[PDB]
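> Below you will find the structure I want to go over with you.
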Amino acid sequence: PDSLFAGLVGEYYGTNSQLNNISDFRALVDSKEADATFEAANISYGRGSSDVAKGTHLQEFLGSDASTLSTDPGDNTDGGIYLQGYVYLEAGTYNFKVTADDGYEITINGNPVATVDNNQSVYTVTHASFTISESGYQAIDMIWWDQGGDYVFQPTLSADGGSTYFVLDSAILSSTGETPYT
Ligand SMILES: CC(=O)N[C@@H]1[C@@H](O)[C@H](O)[C@@H](CO)O[C@@H]1O
Ligand SMILES: [Ca+2]
Ligand SMILES: [Ca+2]
Ligand SMILES: [Ca+2]
Ligand SMILES: [Ca+2]
C-alpha cells in the first residue's frame, strides 16, 4: 500500500562524484536506494549555501517538507531530489517558470516541459507552453540537483499565459492520484 498525501513522493540521493547534467543525476537515482525519502508538499526549496548534501543543508532546503524525512543523510559533496506523483490541472495551456541552482527536468504525462541540462548559479527560466488535454490528476515527475555551492529550486506554473504563477503544493498535489483529504 502506498501513502496517500497531498504532495509528491520525494527521494533524495547524495554522491561524492560530480553531477554535471540530468543524465548524471538520473544514473545516481538508478544506482542505489534513496538516501532519504520525504513528502514534497510545498515545492519551493532553498536558497542556501555551502552544498545541499552537507550537514543540515538538505533540511534547511526542504523547509516545511523536512519534517517528513525518513532519515538524516550523511555528508556527500553533491546531491539532488527525484519527485514523482500527480498534480490536478484542468484542460488548457500552461507554462513553467523555474528558479534553480543547479539544473533540473520536469515531465508531465511522460513529456519534458522544463529542462536545464547543465550546472548554473541561480537563474530563472520562463519555459515554453504546453497543453493538458483532459482535466484531472496528471502524472508529474521532477529531478533537481546541486553539484556544490549554492542551491535553490522553485518551479512555478502559470495557467493564464504567464500573467500569474503558483507554487505546486498541497492544494493540487497527490501522491497516488486519489483525492487527498489531509
Ligand atoms: C556561490 C555560488 O553561487 N556558487 C555557484 C554554484 O552553486 C553553482 O553550482 C556553480 C555552477 O558552475 O556556479 C557557482 O559556483
Ligand atoms: Ca533508486
Ligand atoms: Ca545530514
Ligand atoms: Ca561536485
Ligand atoms: Ca550549486
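In the C-alpha cells, the first chain shown is A, the next is B, and so on; residue numbers restart at 1 for each chain, and ligands run from 1 in the order shown.
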Using only C-alpha atoms and all ligand atoms, what does the table of chain A residues within 8 Å of ligand 2 look like, with each row giving the shortest atom pair and its distance in Å to one decimal, sorted by chain and ascending number, as a Markdown table?

```
| residue | atom | partner | partner_atom_place_in_ligand_line | distance |
| --- | --- | --- | --- | --- |
| A:28 | CA | ligand 2 | 1 (Ca) | 7.5 |
| A:29 | CA | ligand 2 | 1 (Ca) | 4.4 |
| A:30 | CA | ligand 2 | 1 (Ca) | 4.6 |
| A:31 | CA | ligand 2 | 1 (Ca) | 5.9 |
| A:32 | CA | ligand 2 | 1 (Ca) | 4.7 |
| A:33 | CA | ligand 2 | 1 (Ca) | 4.3 |
| A:34 | CA | ligand 2 | 1 (Ca) | 5.5 |
```
> Using only C-alpha atoms and all ligand atoms, what are the residues with an atom within 10 Å of ligand 3, set out as a VMD selection string?
chain A and resid 52 to 59 71 to 76
> Restricted to N, CA, C and O atoms, what would the selected residues look like written as a compact mmCIF listing (two decimals), in the first residue's frame?

```
# COMPACT_ATOMS: atom_id res chain seq x y z
N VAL A 52 24.24 21.42 -0.81
CA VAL A 52 22.99 20.87 -0.27
C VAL A 52 23.24 19.57 0.49
O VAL A 52 22.48 19.23 1.40
N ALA A 53 24.28 18.83 0.08
CA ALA A 53 24.50 17.47 0.57
C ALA A 53 25.30 17.42 1.88
O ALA A 53 25.53 16.32 2.39
N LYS A 54 25.69 18.59 2.39
CA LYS A 54 26.49 18.65 3.63
C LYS A 54 25.64 19.04 4.84
O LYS A 54 24.67 19.82 4.70
N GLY A 55 25.99 18.47 6.00
CA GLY A 55 25.38 18.91 7.25
C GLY A 55 23.88 18.85 7.22
O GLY A 55 23.30 17.85 6.78
N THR A 56 23.26 19.92 7.69
CA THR A 56 21.79 20.03 7.74
C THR A 56 21.24 20.88 6.60
O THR A 56 20.11 21.37 6.66
N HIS A 57 22.04 21.05 5.54
CA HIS A 57 21.59 21.91 4.44
C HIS A 57 20.37 21.36 3.74
O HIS A 57 19.53 22.13 3.27
N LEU A 58 20.25 20.02 3.61
CA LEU A 58 19.07 19.47 2.96
C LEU A 58 17.80 19.82 3.73
O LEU A 58 16.77 20.15 3.16
N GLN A 59 17.88 19.69 5.06
CA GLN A 59 16.77 20.01 5.92
C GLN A 59 16.34 21.47 5.71
O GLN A 59 15.16 21.80 5.64
N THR A 71 15.17 9.88 7.21
CA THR A 71 16.44 9.82 7.88
C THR A 71 17.15 11.14 7.61
O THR A 71 16.75 11.90 6.73
N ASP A 72 18.23 11.37 8.37
CA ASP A 72 19.14 12.48 8.12
C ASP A 72 20.34 11.94 7.36
O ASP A 72 21.16 11.23 7.95
N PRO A 73 20.46 12.15 6.04
CA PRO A 73 21.60 11.63 5.31
C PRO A 73 22.93 12.11 5.88
O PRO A 73 23.03 13.22 6.43
N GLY A 74 23.96 11.29 5.72
CA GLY A 74 25.31 11.74 5.98
C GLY A 74 25.80 12.71 4.92
O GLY A 74 25.08 13.05 3.96
N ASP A 75 27.04 13.18 5.09
CA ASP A 75 27.58 14.14 4.15
C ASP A 75 27.89 13.48 2.81
O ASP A 75 28.40 12.36 2.73
N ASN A 76 27.66 14.27 1.75
CA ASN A 76 28.16 13.99 0.40
C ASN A 76 28.58 15.33 -0.19
O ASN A 76 28.22 16.38 0.32
```
> Quick one: DSSP alpha helix (DSSP H) residues in segment 15-176 of chain A, as a ChimeraX atom specification?
/A:22-31,57-62
> Would you write out, as JSON lines, a table of all residues in chain A that have an atom no more than 7 Å from an atom of ligand 1, listing for each the closest atom pair and the distance in Å to one decimal, considering only C-alpha atoms and all ligand atoms and ordering rows by chain and rising residue number?

```
{"residue": "A:49", "atom": "CA", "partner": "ligand 1", "partner_atom_place_in_ligand_line": "1 (C)", "distance": 6.6}
{"residue": "A:101", "atom": "CA", "partner": "ligand 1", "partner_atom_place_in_ligand_line": "7 (O)", "distance": 5.7}
{"residue": "A:102", "atom": "CA", "partner": "ligand 1", "partner_atom_place_in_ligand_line": "9 (O)", "distance": 5.2}
{"residue": "A:119", "atom": "CA", "partner": "ligand 1", "partner_atom_place_in_ligand_line": "11 (C)", "distance": 4.8}
{"residue": "A:120", "atom": "CA", "partner": "ligand 1", "partner_atom_place_in_ligand_line": "11 (C)", "distance": 4.0}
{"residue": "A:121", "atom": "CA", "partner": "ligand 1", "partner_atom_place_in_ligand_line": "13 (O)", "distance": 4.2}
{"residue": "A:122", "atom": "CA", "partner": "ligand 1", "partner_atom_place_in_ligand_line": "3 (O)", "distance": 6.5}
{"residue": "A:146", "atom": "CA", "partner": "ligand 1", "partner_atom_place_in_ligand_line": "9 (O)", "distance": 6.0}
{"residue": "A:147", "atom": "CA", "partner": "ligand 1", "partner_atom_place_in_ligand_line": "9 (O)", "distance": 5.2}
{"residue": "A:148", "atom": "CA", "partner": "ligand 1", "partner_atom_place_in_ligand_line": "9 (O)", "distance": 5.1}
{"residue": "A:149", "atom": "CA", "partner": "ligand 1", "partner_atom_place_in_ligand_line": "7 (O)", "distance": 3.8}
{"residue": "A:150", "atom": "CA", "partner": "ligand 1", "partner_atom_place_in_ligand_line": "7 (O)", "distance": 3.5}
{"residue": "A:151", "atom": "CA", "partner": "ligand 1", "partner_atom_place_in_ligand_line": "7 (O)", "distance": 5.7}
```
> List every residue of segment 62-160 of chain A that DSSP, applied to the backbone of this structure, places in strand (DSSP E), and write the result as a PyMOL selection string.
chain A and resi 78-89+92-101+104-108+111-116+123-126+130-132+136-146+151-158
> Taking only C-alpha atoms and all ligand atoms into account, name the residue in A:46, A:63, A:7, A:80 that is nearest to ligand 4.
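When distances to ligand 4 are compared using only C-alpha atoms and all ligand atoms, the smallest one comes from A:80.
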> Find the spatial neighbours of residue 129 of chain A, counting only C-alpha atoms, within a cut-off of 9 Å - ignore same-chain residues fewer than 6 positions away - and output them as an MDAnalysis selection string.
chainID A and resid 93:96 113 161
> Using only C-alpha atoms and all ligand atoms, which protein or nucleic acid residues are at most 7 Å from ligand 4, as a PyMOL selection string?
chain A and resi 17-19+77-78+147-148
> Please produce a file of those selected residues containing N, CA, C and O atoms, as a PDB file, in the first residue's frame.

```
ATOM      1  N   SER A  17      30.670  11.836  -6.368  1.00  0.00           N
ATOM      2  CA  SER A  17      31.003  12.079  -7.749  1.00  0.00           C
ATOM      3  C   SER A  17      30.377  13.407  -8.212  1.00  0.00           C
ATOM      4  O   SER A  17      29.475  13.927  -7.561  1.00  0.00           O
ATOM      5  N   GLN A  18      30.886  13.923  -9.328  1.00  0.00           N
ATOM      6  CA  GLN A  18      30.367  15.180  -9.866  1.00  0.00           C
ATOM      7  C   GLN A  18      29.080  14.949 -10.631  1.00  0.00           C
ATOM      8  O   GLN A  18      29.023  14.106 -11.546  1.00  0.00           O
ATOM      9  N   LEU A  19      28.071  15.780 -10.365  1.00  0.00           N
ATOM     10  CA  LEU A  19      26.859  15.851 -11.157  1.00  0.00           C
ATOM     11  C   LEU A  19      26.973  17.014 -12.133  1.00  0.00           C
ATOM     12  O   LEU A  19      27.012  18.160 -11.715  1.00  0.00           O
ATOM     13  N   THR A  77      29.309  15.293  -1.328  1.00  0.00           N
ATOM     14  CA  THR A  77      29.664  16.539  -1.991  1.00  0.00           C
ATOM     15  C   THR A  77      28.528  17.085  -2.867  1.00  0.00           C
ATOM     16  O   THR A  77      28.379  18.308  -2.980  1.00  0.00           O
ATOM     17  N   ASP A  78      27.777  16.191  -3.497  1.00  0.00           N
ATOM     18  CA  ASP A  78      26.790  16.503  -4.489  1.00  0.00           C
ATOM     19  C   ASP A  78      25.486  15.781  -4.127  1.00  0.00           C
ATOM     20  O   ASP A  78      25.520  14.734  -3.468  1.00  0.00           O
ATOM     21  N   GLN A 147      25.449  20.477  -7.702  1.00  0.00           N
ATOM     22  CA  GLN A 147      26.842  19.998  -7.893  1.00  0.00           C
ATOM     23  C   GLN A 147      27.760  20.530  -6.804  1.00  0.00           C
ATOM     24  O   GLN A 147      28.946  20.126  -6.764  1.00  0.00           O
ATOM     25  N   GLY A 148      27.280  21.445  -5.973  1.00  0.00           N
ATOM     26  CA  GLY A 148      28.083  22.112  -4.969  1.00  0.00           C
ATOM     27  C   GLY A 148      27.761  23.580  -4.919  1.00  0.00           C
ATOM     28  O   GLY A 148      27.263  24.174  -5.899  1.00  0.00           O
TER      29      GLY A 148
END
```
> Env of segment 136-142 of chain A: 8 Å cut, atoms = only C-alpha atoms, seq-sep filter 4 positions within chain, self excluded. Answer as a list in words.
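Returned residues: residues 81, 82, 83, 84, 85, 86, 87, 88, 89, 90, 91, 104, 105, 106, 107, 108, 109, 110, 174 and 177 of chain A.
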